[PDB]
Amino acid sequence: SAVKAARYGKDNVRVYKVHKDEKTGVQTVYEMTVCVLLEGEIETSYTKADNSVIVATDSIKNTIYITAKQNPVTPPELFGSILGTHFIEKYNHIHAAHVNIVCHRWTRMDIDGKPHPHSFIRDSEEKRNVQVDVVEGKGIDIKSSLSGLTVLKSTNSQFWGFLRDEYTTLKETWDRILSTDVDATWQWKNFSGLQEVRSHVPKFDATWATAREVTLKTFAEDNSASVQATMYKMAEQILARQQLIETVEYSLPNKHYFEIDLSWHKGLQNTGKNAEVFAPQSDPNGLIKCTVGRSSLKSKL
């Protein structure tokens, strides 16, 4: 046998950081969960009980906290790049660092209409994430995402014209509920190293904001022909607004809300135009995915 692939490290490292402005009294908090997995010339730890090549996962954990103490933790794309760059530069034999960060929401409370200087609310379980792959000799590849953004619209969703054969029972509809949990990923142009990441720092927060704004507005305003058609519109708009992202990926469940026929009980009318009470379905669910890039076709468009 032989080792074809290997990576190892520390997962589920919870990290908080506070910034305190001593002039104004305003404090700002950041909370994340971090995973760092390393690759390199480590195969003998697996094959020969050679622990000399192992940077202990406990040491990886310590390094996460030390790096957070010595650098900004925001935007996460930058923190992840700093953190991954450290491991490949510090250890000659480590040739890749794979950094995943989940950012948790701590939104400043407004009390009596004024922003509070040091009190925060978890206003959504929506996350902002990064995956930063720092590969020696091949730069820094960053995928940014928002996830767990849960939305519903009560009309202006349709689904008709789909294929019908002997496996088909679904009724066409011209007015349904649409609800989903949005997972949206934008993948950046390869960066050559930390300097180039730093040169684009403002674009990280701005592109996250754009992605979130476009998602919400498109979901709310598109009289949707399908999940497929709506998510494509989101992706194409995000690509149009940031030339440094190469692709946009969406992964959307269709979280079904079923009508309930109550006509068996006193002729109650609760379907079609009279549908008011619905049964949310926990499972099964549609799952719709696509990855959108920029076109390169010049004929047969």
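So that there is no doubt, residue numbering starts at 1 and follows the sequence shown.
> On average, which has the higher Cα B-factor in the deposited entry, 195 to 203 or 177 to 185?
According to the entry, 195 to 203 carries the higher average C-alpha B-factor.
> Name the higher of the two by mean Cα B-factor in the PDB entry, 252 to 260 versus 269 to 277.
Stretch with the higher mean C-alpha B-factor: 269 to 277.
> Check the PDB entry and point out which of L38, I64, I238, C35 has the largest C-alpha temperature factor.
Checking the PDB record, the top C-alpha B-factor among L38, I64, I238, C35 is at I238.
> With respect to the C-alpha temperature factors reported in the PDB entry, which of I60, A49, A68, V29 ranks highest?
Among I60, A49, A68, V29, the highest C-alpha B-factor in the entry belongs to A49.
> Sort the modelled residues of this chain by their C-alpha B factor and say whether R108 lands in the lowest, middle or highest third.
As the PDB entry reports it, the C-alpha B-factor of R108 lands in the middle third of its chain.
> Would you mind ranking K127 by its C-alpha B-factor against the rest of the chain and naming the third, lowest, middle or highest?
As the PDB entry reports it, the C-alpha B-factor of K127 lands in the lowest third of its chain.
> Can you work out whether the C-alpha temperature factor of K153 puts it in the lowest, middle or highest third of the chain?
Bottom third by C-alpha B-factor.
> Please place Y91 in the lowest, middle or highest third of its chain by C-alpha B factor as given in the entry.
According to the entry, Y91 has a C-alpha B-factor in the chain's highest third.
> If you rank the chain by CA B-factor, which third does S81 end up in: lowest, middle or highest?
Lowest third - that is where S81 ends up once the chain's C-alpha B-factors are sorted.
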